file protein.tsv (TSV, C-alpha atoms and all ligand atoms)
chain	number	residue	atom	x	y	z
A	14	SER	CA	-22.79	125.65	3.61
A	15	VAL	CA	-25.99	125.70	5.67
A	16	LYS	CA	-27.34	128.40	3.32
A	17	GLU	CA	-27.14	126.22	0.18
A	18	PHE	CA	-28.74	123.08	1.65
A	19	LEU	CA	-31.61	125.18	3.04
A	20	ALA	CA	-32.15	126.90	-0.33
A	21	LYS	CA	-32.60	123.54	-2.06
A	22	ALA	CA	-34.61	122.26	0.94
A	23	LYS	CA	-37.04	125.17	0.46
A	24	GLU	CA	-37.33	124.53	-3.29
A	25	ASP	CA	-38.25	120.93	-2.48
A	26	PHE	CA	-40.78	121.97	0.18
A	27	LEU	CA	-42.66	124.63	-1.81
A	28	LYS	CA	-43.44	122.28	-4.70
A	29	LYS	CA	-45.08	119.76	-2.34
A	30	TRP	CA	-46.63	122.62	-0.31
A	31	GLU	CA	-48.44	124.09	-3.32
A	32	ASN	CA	-49.40	120.68	-4.72
A	33	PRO	CA	-50.16	118.36	-1.78
A	34	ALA	CA	-50.15	114.61	-2.28
A	35	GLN	CA	-53.55	113.09	-1.61
A	36	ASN	CA	-55.23	109.65	-1.35
A	37	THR	CA	-52.04	107.62	-1.65
A	38	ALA	CA	-53.32	104.49	0.10
A	39	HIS	CA	-56.35	102.77	1.67
A	40	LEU	CA	-57.09	101.11	5.03
A	41	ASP	CA	-57.10	97.46	3.80
A	42	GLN	CA	-53.56	97.86	2.45
A	43	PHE	CA	-52.52	97.66	6.14
A	44	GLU	CA	-52.58	95.05	8.89
A	45	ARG	CA	-53.30	96.78	12.22
A	46	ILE	CA	-50.99	95.39	14.91
A	47	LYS	CA	-50.96	97.51	18.10
A	48	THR	CA	-51.82	100.92	19.60
A	49	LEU	CA	-48.78	103.00	20.55
A	50	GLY	CA	-50.82	105.80	22.13
A	51	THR	CA	-53.91	107.98	22.31
A	52	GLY	CA	-54.98	111.57	21.55
A	53	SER	CA	-58.19	113.54	22.15
A	54	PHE	CA	-59.58	112.97	18.65
A	55	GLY	CA	-57.57	109.92	17.61
A	56	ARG	CA	-54.66	107.56	18.17
A	57	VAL	CA	-51.49	106.06	16.68
A	58	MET	CA	-51.13	102.35	15.77
A	59	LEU	CA	-48.36	100.09	14.59
A	60	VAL	CA	-49.43	98.64	11.26
A	61	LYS	CA	-47.82	96.53	8.53
A	62	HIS	CA	-48.10	97.45	4.85
A	63	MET	CA	-49.21	94.25	3.07
A	64	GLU	CA	-47.55	95.17	-0.26
A	65	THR	CA	-44.05	95.65	1.11
A	66	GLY	CA	-44.09	94.11	4.60
A	67	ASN	CA	-42.81	97.45	5.89
A	68	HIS	CA	-43.97	98.52	9.36
A	69	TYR	CA	-45.39	102.03	9.85
A	70	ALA	CA	-46.92	104.31	12.49
A	71	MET	CA	-50.51	105.21	11.50
A	72	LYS	CA	-52.24	108.23	13.11
A	73	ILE	CA	-56.01	107.73	12.97
A	74	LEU	CA	-58.17	110.84	13.51
A	75	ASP	CA	-61.95	110.80	14.02
A	76	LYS	CA	-63.29	113.58	11.73
A	77	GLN	CA	-66.32	114.24	13.99
A	78	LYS	CA	-64.05	114.58	17.06
A	79	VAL	CA	-61.67	116.87	15.14
A	80	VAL	CA	-64.59	119.21	14.34
A	81	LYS	CA	-65.87	119.12	17.97
A	82	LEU	CA	-62.44	120.09	19.34
A	83	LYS	CA	-62.06	122.96	16.78
A	84	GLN	CA	-58.93	121.38	15.27
A	85	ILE	CA	-59.98	121.40	11.61
A	86	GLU	CA	-57.49	124.00	10.35
A	87	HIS	CA	-54.76	122.60	12.62
A	88	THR	CA	-55.24	119.06	11.26
A	89	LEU	CA	-55.21	120.30	7.65
A	90	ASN	CA	-52.00	122.14	8.68
A	91	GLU	CA	-50.50	118.88	10.05
A	92	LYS	CA	-51.12	116.84	6.91
A	93	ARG	CA	-50.24	119.60	4.46
A	94	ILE	CA	-46.90	120.26	6.24
A	95	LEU	CA	-45.90	116.65	6.94
A	96	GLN	CA	-46.46	115.53	3.34
A	97	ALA	CA	-44.20	118.41	2.20
A	98	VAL	CA	-41.20	118.22	4.56
A	99	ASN	CA	-38.24	115.83	4.59
A	100	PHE	CA	-35.53	115.79	7.26
A	101	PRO	CA	-33.72	112.97	9.10
A	102	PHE	CA	-35.11	113.88	12.55
A	103	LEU	CA	-38.79	114.27	11.56
A	104	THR	CA	-41.38	111.56	10.91
A	105	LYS	CA	-42.76	112.72	7.55
A	106	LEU	CA	-45.82	111.17	5.87
A	107	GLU	CA	-45.29	108.09	3.67
A	108	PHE	CA	-49.02	107.91	2.93
A	109	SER	CA	-52.23	109.73	3.79
A	110	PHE	CA	-55.88	109.11	2.99
A	111	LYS	CA	-59.38	109.37	4.45
A	112	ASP	CA	-62.58	107.30	4.41
A	113	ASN	CA	-66.18	107.99	5.53
A	114	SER	CA	-65.37	108.65	9.20
A	115	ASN	CA	-61.59	108.93	9.67
A	116	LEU	CA	-58.39	110.70	8.59
A	117	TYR	CA	-55.18	108.69	8.31
A	118	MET	CA	-51.51	109.63	8.32
A	119	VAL	CA	-48.83	106.97	7.86
A	120	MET	CA	-45.23	107.64	8.95
A	121	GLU	CA	-41.96	105.78	9.47
A	122	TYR	CA	-42.08	103.57	12.60
A	123	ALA	CA	-39.59	104.34	15.39
A	124	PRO	CA	-38.99	101.12	17.42
A	125	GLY	CA	-37.20	102.73	20.39
A	126	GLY	CA	-40.32	104.34	21.95
A	127	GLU	CA	-40.62	107.90	23.29
A	128	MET	CA	-37.73	109.81	24.87
A	129	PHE	CA	-40.27	110.48	27.64
A	130	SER	CA	-40.42	106.80	28.67
A	131	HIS	CA	-36.62	106.43	28.83
A	132	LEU	CA	-36.01	109.80	30.49
A	133	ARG	CA	-38.55	108.98	33.20
A	134	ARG	CA	-37.22	105.46	33.79
A	135	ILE	CA	-33.53	106.35	33.89
A	136	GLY	CA	-34.26	109.57	35.83
A	137	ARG	CA	-32.08	112.01	33.90
A	138	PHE	CA	-29.54	112.16	31.11
A	139	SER	CA	-25.87	113.10	31.22
A	140	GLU	CA	-25.06	116.43	29.57
A	141	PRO	CA	-23.43	114.65	26.58
A	142	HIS	CA	-26.54	112.44	26.32
A	143	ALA	CA	-28.81	115.50	26.42
A	144	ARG	CA	-26.51	117.38	23.99
A	145	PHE	CA	-26.70	114.51	21.48
A	146	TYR	CA	-30.51	114.88	21.37
A	147	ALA	CA	-30.51	118.70	21.62
A	148	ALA	CA	-28.33	119.00	18.51
A	149	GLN	CA	-30.94	117.11	16.46
A	150	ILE	CA	-33.65	119.44	17.75
A	151	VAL	CA	-31.42	122.46	16.97
A	152	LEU	CA	-31.06	121.21	13.38
A	153	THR	CA	-34.73	120.32	12.92
A	154	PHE	CA	-35.87	123.75	14.12
A	155	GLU	CA	-33.28	125.34	11.83
A	156	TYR	CA	-34.90	123.39	8.98
A	157	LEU	CA	-38.52	124.03	9.98
A	158	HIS	CA	-38.01	127.77	10.61
A	159	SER	CA	-36.30	128.28	7.26
A	160	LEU	CA	-39.54	126.95	5.72
A	161	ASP	CA	-41.62	129.46	7.77
A	162	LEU	CA	-42.92	126.63	10.00
A	163	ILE	CA	-43.42	126.91	13.78
A	164	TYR	CA	-43.62	123.52	15.59
A	165	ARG	CA	-45.27	124.66	18.86
A	166	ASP	CA	-45.28	121.37	20.81
A	167	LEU	CA	-41.70	120.37	21.72
A	168	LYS	CA	-41.66	117.81	24.56
A	169	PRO	CA	-40.19	114.36	25.31
A	170	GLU	CA	-43.62	112.81	24.64
A	171	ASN	CA	-43.29	113.86	20.98
A	172	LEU	CA	-39.68	112.64	20.40
A	173	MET	CA	-39.30	109.05	19.18
A	174	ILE	CA	-36.00	107.13	19.43
A	175	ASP	CA	-35.17	105.18	16.23
A	176	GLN	CA	-33.24	101.91	15.75
A	177	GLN	CA	-29.92	103.84	15.67
A	178	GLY	CA	-30.74	105.87	18.84
A	179	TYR	CA	-31.40	109.10	16.91
A	180	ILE	CA	-34.58	111.16	17.42
A	181	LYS	CA	-37.63	111.74	15.27
A	182	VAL	CA	-39.87	114.68	16.11
A	183	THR	CA	-43.47	113.58	15.57
A	184	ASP	CA	-47.03	114.93	16.05
A	185	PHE	CA	-47.42	118.21	14.16
A	186	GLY	CA	-51.02	118.89	15.18
A	187	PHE	CA	-50.08	122.45	16.12
A	188	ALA	CA	-47.51	123.15	13.42
A	189	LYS	CA	-48.28	126.17	11.20
A	190	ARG	CA	-46.78	127.91	8.18
A	191	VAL	CA	-46.72	131.62	9.09
A	192	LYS	CA	-44.66	134.63	8.17
A	193	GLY	CA	-44.90	137.13	11.02
A	194	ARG	CA	-46.82	136.63	14.23
A	195	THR	CA	-49.61	134.27	15.30
A	196	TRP	CA	-51.94	134.14	18.29
A	197	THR	CA	-53.20	130.62	18.98
A	198	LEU	CA	-53.11	129.58	22.63
A	199	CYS	CA	-51.68	126.06	22.11
A	200	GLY	CA	-48.91	123.73	23.30
A	201	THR	CA	-48.14	122.01	26.59
A	202	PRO	CA	-48.16	123.96	29.89
A	203	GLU	CA	-44.60	123.19	31.07
A	204	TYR	CA	-43.21	124.25	27.66
A	205	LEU	CA	-45.18	127.46	26.95
A	206	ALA	CA	-43.20	130.67	26.46
A	207	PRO	CA	-44.40	133.72	28.42
A	208	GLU	CA	-45.63	135.38	25.16
A	209	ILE	CA	-48.16	132.59	24.73
A	210	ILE	CA	-49.28	132.74	28.38
A	211	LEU	CA	-49.69	136.55	28.20
A	212	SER	CA	-51.77	136.39	24.98
A	213	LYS	CA	-49.25	138.27	22.86
A	214	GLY	CA	-48.63	137.66	19.19
A	215	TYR	CA	-45.60	135.41	18.92
A	216	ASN	CA	-43.37	133.80	16.35
A	217	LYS	CA	-40.80	130.99	16.13
A	218	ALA	CA	-38.96	132.26	19.26
A	219	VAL	CA	-41.43	130.15	21.28
A	220	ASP	CA	-39.79	127.02	19.82
A	221	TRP	CA	-36.35	128.17	21.11
A	222	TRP	CA	-37.86	128.74	24.57
A	223	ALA	CA	-39.26	125.17	24.51
A	224	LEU	CA	-35.80	123.86	23.52
A	225	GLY	CA	-34.62	125.43	26.80
A	226	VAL	CA	-37.29	123.57	28.75
A	227	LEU	CA	-36.43	120.27	27.04
A	228	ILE	CA	-32.67	120.56	27.64
A	229	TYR	CA	-33.30	121.38	31.29
A	230	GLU	CA	-35.75	118.49	31.71
A	231	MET	CA	-33.34	116.07	29.99
A	232	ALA	CA	-30.39	117.19	32.15
A	233	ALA	CA	-32.37	117.68	35.41
A	234	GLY	CA	-34.96	114.86	35.13
A	235	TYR	CA	-37.77	117.38	35.79
A	236	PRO	CA	-38.87	120.63	34.10
A	237	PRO	CA	-37.71	124.17	35.13
A	238	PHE	CA	-41.30	125.08	36.02
A	239	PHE	CA	-43.54	122.41	37.52
A	240	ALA	CA	-46.52	122.20	39.87
A	241	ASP	CA	-49.78	120.22	40.29
A	242	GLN	CA	-51.96	122.54	38.15
A	243	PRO	CA	-51.32	124.49	34.91
A	244	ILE	CA	-52.01	127.89	36.56
A	245	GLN	CA	-49.29	127.30	39.20
A	246	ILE	CA	-46.94	126.50	36.29
A	247	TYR	CA	-47.75	129.70	34.28
A	248	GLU	CA	-47.15	131.76	37.45
A	249	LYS	CA	-43.63	130.30	37.52
A	250	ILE	CA	-42.92	130.70	33.77
A	251	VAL	CA	-43.76	134.43	33.62
A	252	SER	CA	-41.83	135.27	36.87
A	253	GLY	CA	-38.45	135.00	35.09
A	254	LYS	CA	-36.78	132.82	37.75
A	255	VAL	CA	-35.26	129.38	37.07
A	256	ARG	CA	-33.12	127.41	39.55
A	257	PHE	CA	-30.58	124.96	38.13
A	258	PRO	CA	-29.36	121.76	39.88
A	259	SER	CA	-25.83	121.98	41.36
A	260	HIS	CA	-24.65	119.32	38.90
A	261	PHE	CA	-25.54	121.63	35.97
A	262	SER	CA	-22.31	122.77	34.32
A	263	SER	CA	-21.50	126.49	34.07
A	264	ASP	CA	-21.83	126.26	30.27
A	265	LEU	CA	-25.25	124.57	30.53
A	266	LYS	CA	-26.58	127.20	32.92
A	267	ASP	CA	-25.44	129.96	30.50
A	268	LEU	CA	-27.09	128.28	27.50
A	269	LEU	CA	-30.35	127.87	29.44
A	270	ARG	CA	-30.31	131.47	30.75
A	271	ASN	CA	-30.22	132.53	27.08
A	272	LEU	CA	-32.91	130.08	25.84
A	273	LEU	CA	-35.20	130.65	28.83
A	274	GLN	CA	-35.08	134.42	28.43
A	275	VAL	CA	-38.43	136.20	28.78
A	276	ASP	CA	-36.89	139.21	26.95
A	277	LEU	CA	-37.41	138.56	23.20
A	278	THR	CA	-34.54	140.84	22.07
A	279	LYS	CA	-32.13	138.79	24.21
A	280	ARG	CA	-33.40	135.21	23.56
A	281	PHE	CA	-31.01	132.98	21.59
A	282	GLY	CA	-32.45	131.97	18.22
A	283	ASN	CA	-34.35	135.30	18.10
A	284	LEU	CA	-31.25	137.52	17.69
A	285	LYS	CA	-29.59	138.95	14.54
A	286	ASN	CA	-27.27	135.94	14.18
A	287	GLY	CA	-30.19	133.49	14.43
A	288	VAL	CA	-29.37	129.87	15.25
A	289	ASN	CA	-25.58	130.30	15.28
A	290	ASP	CA	-25.80	131.89	18.75
A	291	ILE	CA	-27.03	128.46	19.86
A	292	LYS	CA	-24.72	126.45	17.54
A	293	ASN	CA	-21.54	128.34	18.53
A	294	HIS	CA	-22.33	128.40	22.25
A	295	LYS	CA	-19.66	126.77	24.45
A	296	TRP	CA	-21.93	123.88	25.60
A	297	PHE	CA	-22.07	122.62	21.97
A	298	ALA	CA	-18.29	123.15	21.35
A	299	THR	CA	-17.71	119.41	20.92
A	300	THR	CA	-20.69	119.01	18.59
A	301	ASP	CA	-19.94	118.14	14.99
A	302	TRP	CA	-23.15	119.44	13.41
A	303	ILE	CA	-22.56	117.73	10.05
A	304	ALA	CA	-21.67	114.35	11.61
A	305	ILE	CA	-24.90	114.62	13.63
A	306	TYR	CA	-26.97	115.31	10.50
A	307	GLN	CA	-25.21	112.46	8.68
A	308	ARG	CA	-25.84	110.10	11.64
A	309	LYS	CA	-22.09	109.43	11.90
A	310	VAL	CA	-22.01	110.19	15.64
A	311	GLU	CA	-22.24	107.24	18.03
A	312	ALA	CA	-25.59	107.41	19.86
A	313	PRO	CA	-25.22	107.24	23.68
A	314	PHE	CA	-28.18	104.82	23.88
A	315	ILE	CA	-29.34	102.27	21.27
A	316	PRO	CA	-32.77	100.71	21.89
A	317	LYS	CA	-33.40	97.00	22.43
A	318	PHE	CA	-35.21	95.39	19.49
A	319	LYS	CA	-36.24	91.81	18.74
A	320	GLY	CA	-37.18	91.81	15.06
A	321	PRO	CA	-39.26	94.30	13.06
A	322	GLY	CA	-42.67	95.40	14.38
A	323	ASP	CA	-41.46	95.10	17.97
A	324	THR	CA	-43.33	97.26	20.50
A	325	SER	CA	-41.70	96.48	23.88
A	326	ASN	CA	-40.39	100.07	24.12
A	327	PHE	CA	-44.00	101.41	24.03
A	328	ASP	CA	-46.71	101.18	26.68
A	329	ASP	CA	-49.85	99.05	26.46
A	330	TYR	CA	-53.12	100.86	25.63
A	331	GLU	CA	-56.59	99.36	25.27
A	332	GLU	CA	-57.14	98.34	21.64
A	333	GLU	CA	-60.35	99.80	20.16
A	334	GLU	CA	-62.37	99.33	16.96
A	335	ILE	CA	-61.77	101.42	13.88
A	336	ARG	CA	-65.39	101.82	12.74
A	337	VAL	CA	-66.04	103.09	9.20
A	338	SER	CA	-69.57	104.48	8.75
A	339	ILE	CA	-71.50	103.80	5.53
A	340	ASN	CA	-72.14	107.56	5.51
A	341	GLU	CA	-69.51	110.20	4.72
A	342	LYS	CA	-68.84	112.50	7.68
A	343	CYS	CA	-67.42	116.03	7.42
A	344	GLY	CA	-66.72	115.84	3.66
A	345	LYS	CA	-66.58	119.62	3.11
A	346	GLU	CA	-64.41	120.39	6.15
A	347	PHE	CA	-61.74	117.89	5.05
A	348	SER	CA	-62.08	118.18	1.26
A	349	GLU	CA	-58.40	119.13	0.76
A	350	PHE	CA	-57.09	116.30	3.00
B	5	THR	CA	-35.44	117.68	47.34
B	6	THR	CA	-36.72	119.06	44.01
B	7	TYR	CA	-36.63	115.56	42.52
B	8	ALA	CA	-38.81	114.31	45.43
B	9	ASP	CA	-41.31	117.12	44.88
B	10	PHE	CA	-41.49	116.36	41.17
B	11	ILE	CA	-41.89	112.61	41.71
B	12	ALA	CA	-44.61	113.25	44.31
B	13	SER	CA	-46.43	115.69	41.91
B	14	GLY	CA	-49.46	114.88	39.72
B	15	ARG	CA	-47.50	115.65	36.54
B	16	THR	CA	-44.90	112.88	36.06
B	17	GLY	CA	-46.99	111.14	33.39
B	18	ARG	CA	-47.71	111.96	29.79
B	19	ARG	CA	-48.68	115.64	29.60
B	20	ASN	CA	-51.57	116.72	27.41
B	21	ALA	CA	-51.68	119.67	25.07
B	22	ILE	CA	-53.89	122.66	25.87
B	23	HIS	CA	-56.38	124.58	23.75
B	24	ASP	CA	-59.01	127.26	24.40
C	1	LIG	CL1	-53.40	111.01	18.28
C	1	LIG	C1	-51.83	110.60	18.87
C	1	LIG	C2	-50.82	111.55	18.88
C	1	LIG	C3	-49.57	111.23	19.36
C	1	LIG	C4	-49.30	109.96	19.85
C	1	LIG	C5	-47.90	109.60	20.36
C	1	LIG	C6	-47.12	108.90	19.23
C	1	LIG	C7	-46.61	107.61	19.37
C	1	LIG	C8	-45.87	107.04	18.35
C	1	LIG	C9	-45.64	107.73	17.17
C	1	LIG	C10	-44.80	107.15	16.11
C	1	LIG	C11	-44.55	107.66	14.86
C	1	LIG	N1	-43.65	106.85	14.26
C	1	LIG	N2	-43.27	105.85	15.09
C	1	LIG	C12	-43.94	106.05	16.22
C	1	LIG	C13	-46.13	109.02	17.04
C	1	LIG	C14	-46.85	109.60	18.06
C	1	LIG	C15	-47.06	110.84	20.72
C	1	LIG	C16	-47.53	111.55	21.98
C	1	LIG	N3	-47.52	110.58	23.12
C	1	LIG	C17	-48.41	109.41	22.85
C	1	LIG	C18	-47.92	108.69	21.61
C	1	LIG	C19	-50.32	109.01	19.84
C	1	LIG	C20	-51.57	109.33	19.36
call {"tool": "encode", "arguments": {"input": "protein.tsv", "output": "structure tokens"}}
result
Amino acid sequence: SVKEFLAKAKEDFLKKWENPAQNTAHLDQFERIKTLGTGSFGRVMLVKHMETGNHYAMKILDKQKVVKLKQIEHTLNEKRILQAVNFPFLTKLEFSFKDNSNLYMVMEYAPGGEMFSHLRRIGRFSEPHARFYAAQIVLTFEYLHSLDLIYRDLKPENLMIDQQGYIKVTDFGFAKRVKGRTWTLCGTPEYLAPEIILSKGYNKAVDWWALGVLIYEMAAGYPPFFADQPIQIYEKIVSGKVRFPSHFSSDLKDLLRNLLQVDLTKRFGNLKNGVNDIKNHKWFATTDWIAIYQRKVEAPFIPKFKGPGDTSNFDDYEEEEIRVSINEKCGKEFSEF
Amino acid sequence: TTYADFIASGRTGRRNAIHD
């Protein structure tokens, strides 16, 4: 029963939600190895934990930059939520801490790299390939939404492939716990639902829209709405017109028509039967949802690895100092972190 | 082709999040 697992899952989440773990490690417990990517106010590095020899992904945020970009509440959201959740297809926090200048979030390291890198290289996925990944996103969103969490940044850039070829959703900078509607203009242009673009209050339905964009991009090799500038893209999103490649199966087209539905009363995930509309759709008929959660299904692509701490599935970025001021920055703003 | 238009576009790389 999906109902029973989710009931326990919520009991587990609330306890950590109301009493967040805090200051569970320190910088010099970690050997910094390599940068796996960059963000506006920080970055993510491969590091090794000296005590265990375990490798981890460490998100390093510059407190001053966080404040400048008005991402204080959002970053508190990220840490508070990540420390509380636990699901196979999410990178949850193993440790978090802060020092004078930076915030730090340590999560399980995914050696396979981003879906983005592989999708772009190979061009496009087969429908079974794309269905294997979609199922894991369907289940994660089921989990998150039951906890009153909206994710708000689904894209291949945020999906890491693990050693078994399964996905981990990562980067929760825009994730929020909200009952009812919210108004923040956030996310990535290609993946924004029309509600967001038209400055309406919206809810978790925007995640199901973004699932529709992902599945399309995975199966097509490009997104359903693209252009050179964001404003050309929003023009296309609101218009309510998507063209599917001729190789798209009839079942896939029908699924996507129902995910990429501007009409909220008609959009799958947002209806009275919730996620089952998606789960019991014909395109997923072959999917064994339990086997997928248990990781019993054979992944259509297993990443190349040569020992632990291997980074050949990630791009090269310029390595930069982590400087720790002798003076505490932004102590009040990040007191609860 | 749509593929060719995509590949020729300025948005085949890592896409950044928006804000206000
Ligand atoms: Cl600040 C920041 C945010 C996100 C990343 C990315 C990232 C890379 C790796 C991991 C990671 C987590 N666990 N294993 C790898 C998370 C996020 C995801 C978005 N594309 C660039 C890389 C890097 C830096």
call {"tool": "residues_near_ligand", "arguments": {"input": "protein.tsv", "ligand": "ligand LIG 1 (chain C)", "cutoff": "10 Å", "atoms": "only C-alpha atoms and all ligand atoms", "output": "VMD selection string"}}
result
(chain A and resid 48 to 59 68 to 75 103 to 106 118 to 130 168 to 175 181 to 186 324 327 to 328) or (chain B and resid 18 to 21)
call {"tool": "closest_atom_pairs", "arguments": {"input": "protein.tsv", "of": "chain A", "to": "chain B", "cutoff": "12 Å", "atoms": "only C-alpha atoms", "output": "Markdown table"}}
result
| residue | atom | partner | partner_atom | distance |
| --- | --- | --- | --- | --- |
| A:50 | CA | B:18 | CA | 10.3 |
| A:51 | CA | B:20 | CA | 10.4 |
| A:52 | CA | B:20 | CA | 8.5 |
| A:53 | CA | B:20 | CA | 9.0 |
| A:82 | CA | B:23 | CA | 8.7 |
| A:83 | CA | B:23 | CA | 9.1 |
| A:84 | CA | B:23 | CA | 9.4 |
| A:87 | CA | B:23 | CA | 11.4 |
| A:127 | CA | B:18 | CA | 10.4 |
| A:128 | CA | B:18 | CA | 11.3 |
| A:129 | CA | B:18 | CA | 7.9 |
| A:130 | CA | B:18 | CA | 9.0 |
| A:132 | CA | B:16 | CA | 10.9 |
| A:133 | CA | B:16 | CA | 8.0 |
| A:134 | CA | B:16 | CA | 10.9 |
| A:136 | CA | B:7 | CA | 9.3 |
| A:137 | CA | B:7 | CA | 10.4 |
| A:165 | CA | B:21 | CA | 10.2 |
| A:166 | CA | B:21 | CA | 7.9 |
| A:167 | CA | B:21 | CA | 10.6 |
| A:168 | CA | B:19 | CA | 8.9 |
| A:169 | CA | B:18 | CA | 9.1 |
| A:170 | CA | B:18 | CA | 6.6 |
| A:171 | CA | B:18 | CA | 10.0 |
| A:184 | CA | B:21 | CA | 11.2 |
| A:185 | CA | B:21 | CA | 11.8 |
| A:186 | CA | B:21 | CA | 9.9 |
| A:187 | CA | B:21 | CA | 9.5 |
| A:196 | CA | B:24 | CA | 11.6 |
| A:197 | CA | B:23 | CA | 8.3 |
| A:198 | CA | B:23 | CA | 6.1 |
| A:199 | CA | B:23 | CA | 5.2 |
| A:200 | CA | B:21 | CA | 5.2 |
| A:201 | CA | B:21 | CA | 4.5 |
| A:202 | CA | B:22 | CA | 7.1 |
| A:203 | CA | B:19 | CA | 8.7 |
| A:204 | CA | B:21 | CA | 10.0 |
| A:205 | CA | B:22 | CA | 10.0 |
| A:209 | CA | B:23 | CA | 11.5 |
| A:210 | CA | B:22 | CA | 11.4 |
| A:212 | CA | B:24 | CA | 11.7 |
| A:230 | CA | B:7 | CA | 11.2 |
| A:233 | CA | B:7 | CA | 8.6 |
| A:234 | CA | B:7 | CA | 7.6 |
| A:235 | CA | B:10 | CA | 6.6 |
| A:236 | CA | B:10 | CA | 8.7 |
| A:237 | CA | B:6 | CA | 10.3 |
| A:238 | CA | B:10 | CA | 10.1 |
| A:239 | CA | B:10 | CA | 7.4 |
| A:240 | CA | B:13 | CA | 6.8 |
| A:241 | CA | B:14 | CA | 5.4 |
| A:242 | CA | B:14 | CA | 8.2 |
| A:243 | CA | B:22 | CA | 9.6 |
| A:246 | CA | B:15 | CA | 10.9 |
| A:256 | CA | B:6 | CA | 10.1 |
| A:257 | CA | B:6 | CA | 10.3 |
| A:258 | CA | B:6 | CA | 8.9 |
| A:259 | CA | B:6 | CA | 11.6 |
| A:328 | CA | B:18 | CA | 11.3 |
call {"tool": "atom_distance", "arguments": {"input": "protein.tsv", "atom1": "CA of residue 268 in chain A", "atom2": "CA of residue 229 in chain A"}}
result
10.0 Å
call {"tool": "residues_around", "arguments": {"input": "protein.tsv", "residues": "residue 36 in chain A", "least_positions_apart": "3", "cutoff": "10 Å", "atoms": "only C-alpha atoms", "output": "list in words"}}
result
residues 39, 108, 109, 110, 111, 112, 117 and 350 of chain A
call {"tool": "atom_distance", "arguments": {"input": "protein.tsv", "atom1": "CA of residue 149 in chain A", "atom2": "CA of residue 316 in chain A"}}
result
17.4 Å
call {"tool": "atom_distance", "arguments": {"input": "protein.tsv", "atom1": "CA of residue 290 in chain A", "atom2": "CA of residue 148 in chain A"}}
result
13.1 Å
call {"tool": "residues_around", "arguments": {"input": "protein.tsv", "residues": "residue 156 in chain A", "least_positions_apart": "2", "cutoff": "9 Å", "atoms": "all atoms listed in the file", "output": "list in words"}}
result
residues 19, 22, 23, 100, 151, 152, 153, 154, 158, 159, 160 and 162 of chain A
call {"tool": "residues_around", "arguments": {"input": "protein.tsv", "residues": "residue 339 in chain A", "least_positions_apart": "3", "cutoff": "10 Å", "atoms": "all atoms listed in the file", "output": "PDB file with C-alpha atoms, in the coordinates of the input"}}
result
ATOM      1  CA  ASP A 112     -62.580 107.300   4.410  1.00  0.00           C
ATOM      2  CA  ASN A 113     -66.180 107.990   5.530  1.00  0.00           C
ATOM      3  CA  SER A 114     -65.370 108.650   9.200  1.00  0.00           C
ATOM      4  CA  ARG A 336     -65.390 101.820  12.740  1.00  0.00           C
ATOM      5  CA  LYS A 342     -68.840 112.500   7.680  1.00  0.00           C
TER       6      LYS A 342
END
call {"tool": "residues_around", "arguments": {"input": "protein.tsv", "residues": "residue 255 in chain A", "least_positions_apart": "3", "cutoff": "12 Å", "atoms": "only C-alpha atoms", "output": "list in words"}}
result
residues 225, 226, 229, 236, 237, 238, 239, 249, 250, 251, 252, 258, 266, 267, 269, 270, 271, 272, 273, 274 and 275 of chain A
